[PDB]
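Colleague: Quick one, input.pdb (PDB, C-alpha atoms and all ligand atoms):
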```
ATOM      1  CA  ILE U   1      -7.341   1.563 -16.108  1.00  0.00           C
ATOM      2  CA  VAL U   2     -10.212   3.999 -15.419  1.00  0.00           C
ATOM      3  CA  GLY U   3      -9.368   7.453 -14.030  1.00  0.00           C
ATOM      4  CA  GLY U   4      -5.609   6.943 -14.373  1.00  0.00           C
ATOM      5  CA  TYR U   5      -2.869   8.901 -16.197  1.00  0.00           C
ATOM      6  CA  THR U   6      -0.409   8.163 -19.024  1.00  0.00           C
ATOM      7  CA  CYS U   7       2.652   6.597 -17.398  1.00  0.00           C
ATOM      8  CA  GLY U   8       5.281   7.935 -19.802  1.00  0.00           C
ATOM      9  CA  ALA U   9       7.269   5.668 -22.119  1.00  0.00           C
ATOM     10  CA  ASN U  10       9.151   2.922 -20.385  1.00  0.00           C
ATOM     11  CA  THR U  11       8.649   4.303 -16.835  1.00  0.00           C
ATOM     12  CA  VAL U  12       7.326   0.888 -15.738  1.00  0.00           C
ATOM     13  CA  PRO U  13      10.159  -1.337 -17.164  1.00  0.00           C
ATOM     14  CA  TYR U  14       8.854  -4.611 -15.649  1.00  0.00           C
ATOM     15  CA  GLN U  15       5.416  -4.363 -17.314  1.00  0.00           C
ATOM     16  CA  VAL U  16       4.780  -6.858 -20.157  1.00  0.00           C
ATOM     17  CA  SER U  17       1.879  -7.325 -22.620  1.00  0.00           C
ATOM     18  CA  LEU U  18       0.696 -10.917 -23.376  1.00  0.00           C
ATOM     19  CA  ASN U  19      -0.234 -11.027 -27.036  1.00  0.00           C
ATOM     20  CA  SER U  20      -2.012 -13.530 -29.337  1.00  0.00           C
ATOM     21  CA  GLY U  21      -2.540 -11.231 -32.350  1.00  0.00           C
ATOM     22  CA  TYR U  22      -3.837  -8.484 -29.994  1.00  0.00           C
ATOM     23  CA  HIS U  23      -3.174  -7.503 -26.326  1.00  0.00           C
ATOM     24  CA  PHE U  24      -5.285  -9.671 -23.936  1.00  0.00           C
ATOM     25  CA  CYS U  25      -3.432  -9.460 -20.529  1.00  0.00           C
ATOM     26  CA  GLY U  26      -0.589  -7.777 -18.612  1.00  0.00           C
ATOM     27  CA  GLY U  27       2.198  -9.406 -16.554  1.00  0.00           C
ATOM     28  CA  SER U  28       5.414  -8.641 -14.624  1.00  0.00           C
ATOM     29  CA  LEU U  29       8.996  -9.613 -15.435  1.00  0.00           C
ATOM     30  CA  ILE U  30      10.648 -11.068 -12.253  1.00  0.00           C
ATOM     31  CA  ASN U  31      14.025 -12.243 -13.730  1.00  0.00           C
ATOM     32  CA  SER U  32      15.313 -12.506 -17.362  1.00  0.00           C
ATOM     33  CA  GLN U  33      13.447 -15.669 -18.235  1.00  0.00           C
ATOM     34  CA  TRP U  34      10.246 -15.596 -16.147  1.00  0.00           C
ATOM     35  CA  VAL U  35       7.033 -13.570 -15.980  1.00  0.00           C
ATOM     36  CA  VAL U  36       4.188 -13.713 -13.386  1.00  0.00           C
ATOM     37  CA  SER U  37       0.594 -13.108 -14.560  1.00  0.00           C
ATOM     38  CA  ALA U  38      -2.963 -14.286 -13.629  1.00  0.00           C
ATOM     39  CA  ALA U  39      -4.137 -17.860 -14.156  1.00  0.00           C
ATOM     40  CA  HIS U  40      -7.263 -16.610 -15.883  1.00  0.00           C
ATOM     41  CA  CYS U  41      -5.043 -15.139 -18.637  1.00  0.00           C
ATOM     42  CA  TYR U  42      -3.936 -18.645 -19.619  1.00  0.00           C
ATOM     43  CA  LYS U  43      -4.106 -19.691 -23.300  1.00  0.00           C
ATOM     44  CA  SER U  44      -1.786 -21.198 -25.821  1.00  0.00           C
ATOM     45  CA  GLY U  45       0.070 -19.154 -28.419  1.00  0.00           C
ATOM     46  CA  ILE U  46       1.278 -16.419 -26.044  1.00  0.00           C
ATOM     47  CA  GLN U  47       3.989 -14.066 -27.226  1.00  0.00           C
ATOM     48  CA  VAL U  48       5.369 -11.870 -24.394  1.00  0.00           C
ATOM     49  CA  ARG U  49       6.073  -8.290 -25.461  1.00  0.00           C
ATOM     50  CA  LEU U  50       8.575  -6.404 -23.311  1.00  0.00           C
ATOM     51  CA  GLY U  51       9.676  -2.690 -23.555  1.00  0.00           C
ATOM     52  CA  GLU U  52       6.328  -1.458 -24.823  1.00  0.00           C
ATOM     53  CA  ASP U  53       4.580   1.831 -24.491  1.00  0.00           C
ATOM     54  CA  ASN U  54       2.326   2.183 -27.604  1.00  0.00           C
ATOM     55  CA  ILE U  55       1.262  -1.480 -28.230  1.00  0.00           C
ATOM     56  CA  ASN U  56       0.196  -0.686 -31.825  1.00  0.00           C
ATOM     57  CA  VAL U  57       3.458   0.999 -32.997  1.00  0.00           C
ATOM     58  CA  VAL U  58       7.029  -0.468 -32.989  1.00  0.00           C
ATOM     59  CA  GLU U  59       8.852   2.567 -31.449  1.00  0.00           C
ATOM     60  CA  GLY U  60      12.079   0.767 -30.516  1.00  0.00           C
ATOM     61  CA  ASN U  61      12.965  -0.975 -27.178  1.00  0.00           C
ATOM     62  CA  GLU U  62      10.517  -3.797 -27.798  1.00  0.00           C
ATOM     63  CA  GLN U  63      11.541  -7.425 -27.380  1.00  0.00           C
ATOM     64  CA  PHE U  64       8.975 -10.038 -28.583  1.00  0.00           C
ATOM     65  CA  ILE U  65       9.679 -13.466 -27.060  1.00  0.00           C
ATOM     66  CA  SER U  66       7.501 -16.561 -27.231  1.00  0.00           C
ATOM     67  CA  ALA U  67       6.512 -18.337 -24.017  1.00  0.00           C
ATOM     68  CA  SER U  68       8.137 -21.803 -23.690  1.00  0.00           C
ATOM     69  CA  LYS U  69       5.619 -22.915 -20.943  1.00  0.00           C
ATOM     70  CA  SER U  70       2.891 -21.417 -18.792  1.00  0.00           C
ATOM     71  CA  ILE U  71       2.387 -22.903 -15.308  1.00  0.00           C
ATOM     72  CA  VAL U  72      -1.080 -22.204 -13.847  1.00  0.00           C
ATOM     73  CA  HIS U  73      -1.146 -22.732 -10.032  1.00  0.00           C
ATOM     74  CA  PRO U  74      -2.362 -26.407  -9.460  1.00  0.00           C
ATOM     75  CA  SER U  75      -5.075 -25.213  -7.011  1.00  0.00           C
ATOM     76  CA  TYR U  76      -6.455 -22.434  -9.219  1.00  0.00           C
ATOM     77  CA  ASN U  77     -10.303 -22.366  -8.992  1.00  0.00           C
ATOM     78  CA  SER U  78     -11.898 -20.527 -11.956  1.00  0.00           C
ATOM     79  CA  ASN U  79     -15.193 -20.124 -10.179  1.00  0.00           C
ATOM     80  CA  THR U  80     -13.846 -18.296  -7.132  1.00  0.00           C
ATOM     81  CA  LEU U  81     -10.549 -17.096  -8.686  1.00  0.00           C
ATOM     82  CA  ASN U  82      -8.726 -18.308  -5.594  1.00  0.00           C
ATOM     83  CA  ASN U  83      -4.974 -18.861  -6.391  1.00  0.00           C
ATOM     84  CA  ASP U  84      -5.204 -16.719  -9.535  1.00  0.00           C
ATOM     85  CA  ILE U  85      -1.501 -16.750 -10.431  1.00  0.00           C
ATOM     86  CA  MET U  86       0.509 -18.149 -13.359  1.00  0.00           C
ATOM     87  CA  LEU U  87       4.222 -18.241 -14.217  1.00  0.00           C
ATOM     88  CA  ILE U  88       5.460 -18.052 -17.868  1.00  0.00           C
ATOM     89  CA  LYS U  89       8.954 -19.182 -18.840  1.00  0.00           C
ATOM     90  CA  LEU U  90      10.387 -17.357 -21.897  1.00  0.00           C
ATOM     91  CA  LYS U  91      11.900 -19.269 -24.847  1.00  0.00           C
ATOM     92  CA  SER U  92      15.134 -17.166 -24.532  1.00  0.00           C
ATOM     93  CA  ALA U  93      16.126 -14.730 -21.822  1.00  0.00           C
ATOM     94  CA  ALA U  94      15.346 -11.055 -22.276  1.00  0.00           C
ATOM     95  CA  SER U  95      18.168  -8.444 -22.542  1.00  0.00           C
ATOM     96  CA  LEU U  96      17.671  -6.353 -19.408  1.00  0.00           C
ATOM     97  CA  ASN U  97      18.574  -2.650 -19.534  1.00  0.00           C
ATOM     98  CA  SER U  98      16.900   0.480 -18.109  1.00  0.00           C
ATOM     99  CA  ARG U  99      13.755   0.017 -20.268  1.00  0.00           C
ATOM    100  CA  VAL U 100      13.325  -3.689 -19.572  1.00  0.00           C
ATOM    101  CA  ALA U 101      14.075  -4.648 -15.947  1.00  0.00           C
ATOM    102  CA  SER U 102      12.634  -7.163 -13.481  1.00  0.00           C
ATOM    103  CA  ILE U 103      10.701  -6.254 -10.282  1.00  0.00           C
ATOM    104  CA  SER U 104      11.443  -7.868  -6.867  1.00  0.00           C
ATOM    105  CA  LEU U 105       9.199 -10.283  -5.064  1.00  0.00           C
ATOM    106  CA  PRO U 106       8.195  -9.174  -1.526  1.00  0.00           C
ATOM    107  CA  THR U 107       9.671 -10.494   1.715  1.00  0.00           C
ATOM    108  CA  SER U 108       6.577  -9.571   3.699  1.00  0.00           C
ATOM    109  CA  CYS U 109       2.976  -8.660   2.910  1.00  0.00           C
ATOM    110  CA  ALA U 110       1.847  -5.033   2.721  1.00  0.00           C
ATOM    111  CA  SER U 111      -0.378  -3.233   5.174  1.00  0.00           C
ATOM    112  CA  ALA U 112      -3.681  -1.501   4.589  1.00  0.00           C
ATOM    113  CA  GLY U 113      -2.991   2.116   3.606  1.00  0.00           C
ATOM    114  CA  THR U 114       0.133   1.214   1.553  1.00  0.00           C
ATOM    115  CA  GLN U 115       0.035   3.265  -1.705  1.00  0.00           C
ATOM    116  CA  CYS U 116       0.778   1.194  -4.820  1.00  0.00           C
ATOM    117  CA  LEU U 117       1.086   1.652  -8.596  1.00  0.00           C
ATOM    118  CA  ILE U 118      -1.207  -0.342 -10.883  1.00  0.00           C
ATOM    119  CA  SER U 119      -0.615  -0.205 -14.697  1.00  0.00           C
ATOM    120  CA  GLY U 120      -1.973  -1.634 -17.948  1.00  0.00           C
ATOM    121  CA  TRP U 121      -3.561  -1.271 -21.402  1.00  0.00           C
ATOM    122  CA  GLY U 122      -7.075  -2.238 -20.287  1.00  0.00           C
ATOM    123  CA  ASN U 123     -10.340  -0.472 -20.768  1.00  0.00           C
ATOM    124  CA  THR U 124     -10.528   3.168 -19.581  1.00  0.00           C
ATOM    125  CA  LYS U 125     -14.376   3.440 -19.336  1.00  0.00           C
ATOM    126  CA  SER U 126     -16.535   2.045 -16.489  1.00  0.00           C
ATOM    127  CA  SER U 127     -19.542   2.347 -18.689  1.00  0.00           C
ATOM    128  CA  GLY U 128     -18.234   1.490 -22.197  1.00  0.00           C
ATOM    129  CA  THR U 129     -15.212   0.208 -24.139  1.00  0.00           C
ATOM    130  CA  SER U 130     -12.100   2.343 -24.847  1.00  0.00           C
ATOM    131  CA  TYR U 131      -8.715   0.671 -24.965  1.00  0.00           C
ATOM    132  CA  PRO U 132      -5.661   2.950 -24.993  1.00  0.00           C
ATOM    133  CA  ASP U 133      -2.640   2.693 -27.248  1.00  0.00           C
ATOM    134  CA  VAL U 134      -0.175   3.605 -24.481  1.00  0.00           C
ATOM    135  CA  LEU U 135       0.281   2.409 -20.927  1.00  0.00           C
ATOM    136  CA  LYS U 136      -1.932   3.934 -18.184  1.00  0.00           C
ATOM    137  CA  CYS U 137      -1.083   4.180 -14.483  1.00  0.00           C
ATOM    138  CA  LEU U 138      -3.041   4.598 -11.262  1.00  0.00           C
ATOM    139  CA  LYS U 139      -1.833   5.116  -7.679  1.00  0.00           C
ATOM    140  CA  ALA U 140      -4.234   3.296  -5.281  1.00  0.00           C
ATOM    141  CA  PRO U 141      -4.049   2.251  -1.618  1.00  0.00           C
ATOM    142  CA  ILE U 142      -4.575  -1.259  -0.188  1.00  0.00           C
ATOM    143  CA  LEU U 143      -7.885  -1.289   1.760  1.00  0.00           C
ATOM    144  CA  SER U 144      -8.407  -2.994   5.125  1.00  0.00           C
ATOM    145  CA  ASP U 145      -9.672  -6.550   5.121  1.00  0.00           C
ATOM    146  CA  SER U 146     -12.892  -5.513   6.827  1.00  0.00           C
ATOM    147  CA  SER U 147     -13.732  -2.998   4.100  1.00  0.00           C
ATOM    148  CA  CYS U 148     -12.901  -5.539   1.403  1.00  0.00           C
ATOM    149  CA  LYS U 149     -15.002  -8.340   2.974  1.00  0.00           C
ATOM    150  CA  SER U 150     -17.799  -5.876   3.567  1.00  0.00           C
ATOM    151  CA  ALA U 151     -17.798  -4.982  -0.124  1.00  0.00           C
ATOM    152  CA  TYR U 152     -17.672  -8.590  -1.380  1.00  0.00           C
ATOM    153  CA  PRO U 153     -19.158 -10.715   1.401  1.00  0.00           C
ATOM    154  CA  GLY U 154     -18.289 -14.387   1.146  1.00  0.00           C
ATOM    155  CA  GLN U 155     -15.971 -13.920  -1.836  1.00  0.00           C
ATOM    156  CA  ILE U 156     -12.609 -12.860  -0.418  1.00  0.00           C
ATOM    157  CA  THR U 157     -10.107 -15.568   0.568  1.00  0.00           C
ATOM    158  CA  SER U 158      -6.826 -15.037   2.413  1.00  0.00           C
ATOM    159  CA  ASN U 159      -5.064 -15.004  -0.996  1.00  0.00           C
ATOM    160  CA  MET U 160      -6.781 -11.788  -2.112  1.00  0.00           C
ATOM    161  CA  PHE U 161      -6.830  -8.120  -1.085  1.00  0.00           C
ATOM    162  CA  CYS U 162      -8.714  -5.052  -2.288  1.00  0.00           C
ATOM    163  CA  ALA U 163      -7.095  -1.794  -3.407  1.00  0.00           C
ATOM    164  CA  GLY U 164      -8.734   1.278  -4.822  1.00  0.00           C
ATOM    165  CA  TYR U 165     -11.380   3.888  -4.023  1.00  0.00           C
ATOM    166  CA  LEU U 166     -14.843   3.191  -2.548  1.00  0.00           C
ATOM    167  CA  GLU U 167     -16.175   6.375  -4.068  1.00  0.00           C
ATOM    168  CA  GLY U 168     -15.641   4.846  -7.558  1.00  0.00           C
ATOM    169  CA  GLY U 169     -14.002   6.661 -10.562  1.00  0.00           C
ATOM    170  CA  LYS U 170     -10.502   5.165 -10.411  1.00  0.00           C
ATOM    171  CA  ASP U 171      -9.856   1.357 -10.836  1.00  0.00           C
ATOM    172  CA  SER U 172      -8.290  -1.374 -13.014  1.00  0.00           C
ATOM    173  CA  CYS U 173     -10.639  -3.043 -15.543  1.00  0.00           C
ATOM    174  CA  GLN U 174     -10.817  -5.722 -18.245  1.00  0.00           C
ATOM    175  CA  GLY U 175      -7.542  -5.848 -20.262  1.00  0.00           C
ATOM    176  CA  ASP U 176      -5.516  -5.041 -17.138  1.00  0.00           C
ATOM    177  CA  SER U 177      -5.753  -8.680 -15.810  1.00  0.00           C
ATOM    178  CA  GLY U 178      -2.428 -10.215 -14.827  1.00  0.00           C
ATOM    179  CA  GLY U 179      -0.700  -6.900 -14.434  1.00  0.00           C
ATOM    180  CA  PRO U 180       1.273  -5.584 -11.481  1.00  0.00           C
ATOM    181  CA  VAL U 181       0.373  -3.822  -8.233  1.00  0.00           C
ATOM    182  CA  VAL U 182       3.815  -2.566  -6.980  1.00  0.00           C
ATOM    183  CA  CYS U 183       4.224  -1.071  -3.500  1.00  0.00           C
ATOM    184  CA  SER U 184       7.582   0.242  -2.210  1.00  0.00           C
ATOM    185  CA  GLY U 185       9.343  -1.455  -5.113  1.00  0.00           C
ATOM    186  CA  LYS U 186       7.982  -4.943  -4.474  1.00  0.00           C
ATOM    187  CA  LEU U 187       5.398  -6.822  -6.498  1.00  0.00           C
ATOM    188  CA  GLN U 188       2.520  -7.307  -3.978  1.00  0.00           C
ATOM    189  CA  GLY U 189      -0.537  -7.867  -6.253  1.00  0.00           C
ATOM    190  CA  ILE U 190      -1.781  -9.157  -9.638  1.00  0.00           C
ATOM    191  CA  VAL U 191      -4.957  -7.664 -11.241  1.00  0.00           C
ATOM    192  CA  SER U 192      -7.567 -10.396 -10.725  1.00  0.00           C
ATOM    193  CA  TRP U 193     -11.259  -9.322 -10.602  1.00  0.00           C
ATOM    194  CA  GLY U 194     -13.934  -6.894  -9.535  1.00  0.00           C
ATOM    195  CA  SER U 195     -17.664  -6.111 -10.072  1.00  0.00           C
ATOM    196  CA  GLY U 196     -17.664  -3.900 -13.145  1.00  0.00           C
ATOM    197  CA  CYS U 197     -15.007  -1.188 -13.161  1.00  0.00           C
ATOM    198  CA  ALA U 198     -14.753   1.898 -10.963  1.00  0.00           C
ATOM    199  CA  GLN U 199     -18.191   1.424  -9.399  1.00  0.00           C
ATOM    200  CA  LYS U 200     -18.912   2.879  -5.955  1.00  0.00           C
ATOM    201  CA  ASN U 201     -18.193   0.477  -3.110  1.00  0.00           C
ATOM    202  CA  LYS U 202     -16.818  -2.238  -5.513  1.00  0.00           C
ATOM    203  CA  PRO U 203     -13.005  -1.956  -5.428  1.00  0.00           C
ATOM    204  CA  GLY U 204     -10.661  -4.186  -7.458  1.00  0.00           C
ATOM    205  CA  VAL U 205      -9.518  -7.455  -5.930  1.00  0.00           C
ATOM    206  CA  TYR U 206      -5.953  -8.646  -6.364  1.00  0.00           C
ATOM    207  CA  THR U 207      -3.985 -11.881  -5.920  1.00  0.00           C
ATOM    208  CA  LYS U 208      -1.875 -11.580  -2.728  1.00  0.00           C
ATOM    209  CA  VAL U 209       1.649 -12.379  -4.035  1.00  0.00           C
ATOM    210  CA  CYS U 210       3.368 -12.502  -0.611  1.00  0.00           C
ATOM    211  CA  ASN U 211       1.517 -15.808  -0.013  1.00  0.00           C
ATOM    212  CA  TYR U 212       3.179 -17.367  -3.117  1.00  0.00           C
ATOM    213  CA  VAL U 213       6.907 -16.525  -2.892  1.00  0.00           C
ATOM    214  CA  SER U 214       8.140 -20.020  -1.807  1.00  0.00           C
ATOM    215  CA  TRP U 215       5.890 -21.596  -4.487  1.00  0.00           C
ATOM    216  CA  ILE U 216       7.270 -19.283  -7.207  1.00  0.00           C
ATOM    217  CA  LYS U 217      10.853 -19.937  -6.055  1.00  0.00           C
ATOM    218  CA  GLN U 218      10.476 -23.702  -5.892  1.00  0.00           C
ATOM    219  CA  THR U 219       8.664 -23.873  -9.186  1.00  0.00           C
ATOM    220  CA  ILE U 220      11.323 -21.736 -11.018  1.00  0.00           C
ATOM    221  CA  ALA U 221      14.084 -23.773  -9.386  1.00  0.00           C
ATOM    222  CA  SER U 222      12.629 -27.025 -10.836  1.00  0.00           C
ATOM    223  CA  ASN U 223      11.802 -25.804 -14.394  1.00  0.00           C
TER
HETATM  224  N1  LIG U 301     -12.939  -3.698 -11.205  1.00  0.00           N
HETATM  225  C1  LIG U 301     -11.805  -4.328 -11.449  1.00  0.00           C
HETATM  226  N2  LIG U 301     -10.723  -4.024 -10.759  1.00  0.00           N
HETATM  227  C2  LIG U 301     -11.643  -5.358 -12.438  1.00  0.00           C
HETATM  228  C3  LIG U 301     -12.765  -5.604 -13.231  1.00  0.00           C
HETATM  229  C4  LIG U 301     -12.298  -6.644 -14.086  1.00  0.00           C
HETATM  230  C5  LIG U 301     -13.165  -7.161 -15.051  1.00  0.00           C
HETATM  231  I1  LIG U 301     -15.073  -6.591 -15.506  1.00  0.00           I
HETATM  232  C6  LIG U 301     -12.617  -8.205 -15.842  1.00  0.00           C
HETATM  233  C7  LIG U 301     -11.293  -8.644 -15.653  1.00  0.00           C
HETATM  234  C8  LIG U 301     -10.487  -8.078 -14.661  1.00  0.00           C
HETATM  235  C9  LIG U 301     -11.007  -7.050 -13.865  1.00  0.00           C
HETATM  236  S1  LIG U 301     -10.170  -6.228 -12.614  1.00  0.00           S
HETATM  237 CA    CA U 302       5.088  -0.534 -29.463  1.00  0.00          CA
HETATM  238 CL    CL U 303     -17.109 -13.081   4.999  1.00  0.00          CL
END
```
Could you render the structure from this file as structure tokens?
Modeller:
Amino acid sequence: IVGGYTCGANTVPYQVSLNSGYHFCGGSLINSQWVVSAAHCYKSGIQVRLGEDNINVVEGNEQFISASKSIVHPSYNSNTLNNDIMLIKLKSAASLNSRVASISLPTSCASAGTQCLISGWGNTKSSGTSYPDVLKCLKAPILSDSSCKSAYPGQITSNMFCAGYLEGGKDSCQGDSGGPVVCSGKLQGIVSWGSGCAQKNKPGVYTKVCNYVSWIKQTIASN
């Protein structure tokens, strides 16, 4: 997260870290046995780490659970990143409490102007590489579709939305992929892509979760 602030330990209880010997992506807990992340974060050997703040120190509250299966959306396109969503089923259910809790799925899509909270352990430099030890947060608004399409002509599909600042300076970045964009207590986005990080007129693009609720529900119901 570039230009963000330190969230505070366990203030984002639904945030998870996908780990394979190091942190490579973020995700969101939606019930005690399932997590939603980005399809481009897929790999084998994923351990889901819940209740984290400093990812390099065991401080207490952590729960390390292996993924039993990862379900990448069948129509995921890695060239355009259309349908960039993945569901992970945990080997055992997590113990939910105030530090580990699930986030709700939306019942309707969000409007331009909605202020949301984006979080993660990704890079904090637009020009460079600095990964933090603790979780970073950023409050950012959803932009209008015209501004988004004008910034990335020909690359935005109806399953994506832009959020951020056109002046640059504040944005999500590599390492934040798969993490949550929460607005009014509902999970509306998943960190997907962008041109560099925090560049002027190049906001972050996110997977539009409201378009996938029936799919998530049906898939969880059959697995
Ligand atoms: N500018 C951005 N919001 C992002 C830039 C990236 C990059 I560079 C890699 C992976 C994910 C993201 S999100
Ligand atoms: Ca830790
Ligand atoms: Cl267009």
Colleague: Per residue of chain U within 9 Å of ligand CL 303 (chain U), which atom pair is closest and at what distance in Å (one decimal), using only C-alpha atoms and all ligand atoms, listed by chain and increasing number, as JSON lines?
Modeller:
```
{"residue": "U:146", "atom": "CA", "partner": "U:CL303", "partner_atom": "CL", "distance": 8.9}
{"residue": "U:149", "atom": "CA", "partner": "U:CL303", "partner_atom": "CL", "distance": 5.6}
{"residue": "U:150", "atom": "CA", "partner": "U:CL303", "partner_atom": "CL", "distance": 7.4}
{"residue": "U:152", "atom": "CA", "partner": "U:CL303", "partner_atom": "CL", "distance": 7.8}
{"residue": "U:153", "atom": "CA", "partner": "U:CL303", "partner_atom": "CL", "distance": 4.8}
{"residue": "U:154", "atom": "CA", "partner": "U:CL303", "partner_atom": "CL", "distance": 4.2}
{"residue": "U:155", "atom": "CA", "partner": "U:CL303", "partner_atom": "CL", "distance": 7.0}
{"residue": "U:156", "atom": "CA", "partner": "U:CL303", "partner_atom": "CL", "distance": 7.0}
{"residue": "U:157", "atom": "CA", "partner": "U:CL303", "partner_atom": "CL", "distance": 8.7}
```
Colleague: Return as an mmCIF file with C-alpha atoms, in the coordinates of the input the set of residues that the PyMOL selection byres (((not hetatm)) within 8 of (chain U and resi 302)) yields on the displayed structure.
Modeller:
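As written to disk, part.cif reads:
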```cif
data_model
loop_
_atom_site.group_PDB
_atom_site.id
_atom_site.type_symbol
_atom_site.label_atom_id
_atom_site.label_comp_id
_atom_site.auth_asym_id
_atom_site.auth_seq_id
_atom_site.Cartn_x
_atom_site.Cartn_y
_atom_site.Cartn_z
ATOM 1 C CA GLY U 51 9.676 -2.690 -23.555
ATOM 2 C CA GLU U 52 6.328 -1.458 -24.823
ATOM 3 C CA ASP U 53 4.580 1.831 -24.491
ATOM 4 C CA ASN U 54 2.326 2.183 -27.604
ATOM 5 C CA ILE U 55 1.262 -1.480 -28.230
ATOM 6 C CA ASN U 56 0.196 -0.686 -31.825
ATOM 7 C CA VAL U 57 3.458 0.999 -32.997
ATOM 8 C CA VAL U 58 7.029 -0.468 -32.989
ATOM 9 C CA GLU U 59 8.852 2.567 -31.449
ATOM 10 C CA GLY U 60 12.079 0.767 -30.516
ATOM 11 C CA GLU U 62 10.517 -3.797 -27.798
#
```
Colleague: Between U:195, U:223, U:17, U:207, which residue has the minimum interatomic distance to ligand LIG 301 (chain U), considering all atoms listed in the file?
Modeller: U:195
Colleague: Rounded to one decimal, what separation in Å do you get between atom CA of residue U:124 and atom CA of residue U:7?
Modeller: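 Going from atom CA of residue U:124 over to atom CA of residue U:7 covers 13.8 Å.
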Colleague: Would you write out, as an NGL selection string, every residue that the PyMOL selection byres (((chain U and resi 20) around 12) and not hetatm) captures in this file?
Modeller: :U and (17-19 or 21-25 or 41-49 or 64-67)
Colleague: Write out, as a Markdown table, each residue of chain U that has an atom at most 10 Å from ligand LIG 301 (chain U), together with the closest pair of atoms and their distance in Å to one decimal, counting all atoms listed in the file, rows going by chain and rising number.
Modeller:
```
| residue | atom | partner | partner_atom | distance |
| --- | --- | --- | --- | --- |
| U:1 | CA | U:LIG301 | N2 | 8.4 |
| U:2 | CA | U:LIG301 | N1 | 9.2 |
| U:25 | CA | U:LIG301 | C8 | 9.3 |
| U:38 | CA | U:LIG301 | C8 | 9.8 |
| U:40 | CA | U:LIG301 | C7 | 8.9 |
| U:41 | CA | U:LIG301 | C7 | 9.5 |
| U:122 | CA | U:LIG301 | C8 | 8.8 |
| U:123 | CA | U:LIG301 | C5 | 9.2 |
| U:126 | CA | U:LIG301 | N1 | 8.6 |
| U:162 | CA | U:LIG301 | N2 | 8.8 |
| U:163 | CA | U:LIG301 | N2 | 8.5 |
| U:164 | CA | U:LIG301 | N2 | 8.2 |
| U:168 | CA | U:LIG301 | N1 | 9.7 |
| U:170 | CA | U:LIG301 | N2 | 9.2 |
| U:171 | CA | U:LIG301 | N2 | 5.5 |
| U:172 | CA | U:LIG301 | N2 | 4.2 |
| U:173 | CA | U:LIG301 | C2 | 4.0 |
| U:174 | CA | U:LIG301 | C6 | 3.9 |
| U:175 | CA | U:LIG301 | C7 | 6.6 |
| U:176 | CA | U:LIG301 | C8 | 6.3 |
| U:177 | CA | U:LIG301 | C8 | 4.9 |
| U:178 | CA | U:LIG301 | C8 | 8.3 |
| U:179 | CA | U:LIG301 | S1 | 9.7 |
| U:190 | CA | U:LIG301 | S1 | 9.4 |
| U:191 | CA | U:LIG301 | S1 | 5.6 |
| U:192 | CA | U:LIG301 | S1 | 5.3 |
| U:193 | CA | U:LIG301 | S1 | 3.8 |
| U:194 | CA | U:LIG301 | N1 | 3.7 |
| U:195 | CA | U:LIG301 | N1 | 5.4 |
| U:196 | CA | U:LIG301 | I1 | 4.4 |
| U:197 | CA | U:LIG301 | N1 | 3.8 |
| U:198 | CA | U:LIG301 | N1 | 5.9 |
| U:199 | CA | U:LIG301 | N1 | 7.6 |
| U:202 | CA | U:LIG301 | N1 | 7.0 |
| U:203 | CA | U:LIG301 | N1 | 6.0 |
| U:204 | CA | U:LIG301 | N2 | 3.3 |
| U:205 | CA | U:LIG301 | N2 | 6.0 |
| U:206 | CA | U:LIG301 | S1 | 7.9 |
```
Colleague: Do you know which residues the PyMOL selection byres (((chain U and resi 105) around 9) and not hetatm) returns on this file, as a list in words?
Modeller: residues 30, 103, 104, 106, 107, 185, 186, 187, 188, 209, 210 and 213 of chain U
Colleague: What is the distance, in Å and to one decimal place, between atom CA of residue U:216 and atom CA of residue U:135?
Modeller: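 Separation of atom CA of residue U:216 and atom CA of residue U:135: 26.6 Å.
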Colleague: Mind pulling up the distance from atom CA of residue U:151 to atom CA of residue U:166?
Modeller: 9.0 Å
Colleague: Just checking: using all atoms listed in the file, which residue out of U:201, U:29, U:114, U:129 ends up closest to residue U:147?
Modeller: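 Looking only at the distances to residue U:147, the closest residue turns out to be U:201.
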Colleague: Name the closest residue to residue U:3 among the candidates U:119, U:78, U:108, U:158; distances are taken between atoms, counting only C-alpha atoms.
Modeller: U:119
Colleague: Would you kindly return, as a list in words, each protein, DNA or RNA residue with an atom no farther than 8 Å from any atom of residue U:35, considering only C-alpha atoms and excluding same-chain residues fewer than 4 positions away?
Modeller: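 Here the answer would be residues 27, 28, 29, 30, 31, 87, 88, 89 and 90 of chain U.
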Colleague: Using all atoms listed in the file, which residue out of U:77, U:37, U:95, U:11 lies closest to residue U:63?
Modeller: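 Going through U:77, U:37, U:95, U:11 one by one, the smallest distance to residue U:63 is for U:95.
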Colleague: Using all atoms listed in the file, which residue out of U:83, U:34, U:4, U:10 lies closest to residue U:217?
Modeller: U:34
Colleague: Could you give me, as a PyMOL selection string, the residues within 7 Å of residue U:96, counting only C-alpha atoms and dropping anything in the same chain fewer than 4 positions from it?
Modeller: chain U and resi 32+100-101
Colleague: Given only C-alpha atoms as the basis, pick out the residue of U:221, U:94, U:39, U:148 nearest to residue U:72.
Modeller: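 Smallest distance to residue U:72 is found for U:39.
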